[PDB]
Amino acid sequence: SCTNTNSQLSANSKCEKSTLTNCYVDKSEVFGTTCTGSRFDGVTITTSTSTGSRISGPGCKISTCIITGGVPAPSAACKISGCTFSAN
């Protein structure tokens, strides 16, 4: 259930009901998320969208957010904890 287009994930990462486009996922749990040209390093992201962003943990947890160029959009439904973002 992982749509992968030119993306690579660490053998240890998990991808469920998500789309990866030119994305790099390392030690991460991506659920019902859309990934576009972003880098996931030690993160658990749910029901979100990442565009051209680098997000790192290792204790990074993201829930229902939209991330673009490293900046998370203001959203009452966007919950972030222990994450460090950057442009990708």
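A residue's number is simply how far along the shown sequence it sits, counting from 1.
With 45-53 and 58-66 compared on mean CA B-factor from the PDB entry, the stretch scoring higher is 58-66. Ranked by C-alpha B-factor against the other modelled residues of its chain, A11 falls in the highest third. The PDB entry assigns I80 a C-alpha temperature factor belonging to the highest third of its chain's modelled residues. Ranked against the other modelled residues of its chain, the C-alpha B-factor of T3 as given in the entry falls in the middle third.
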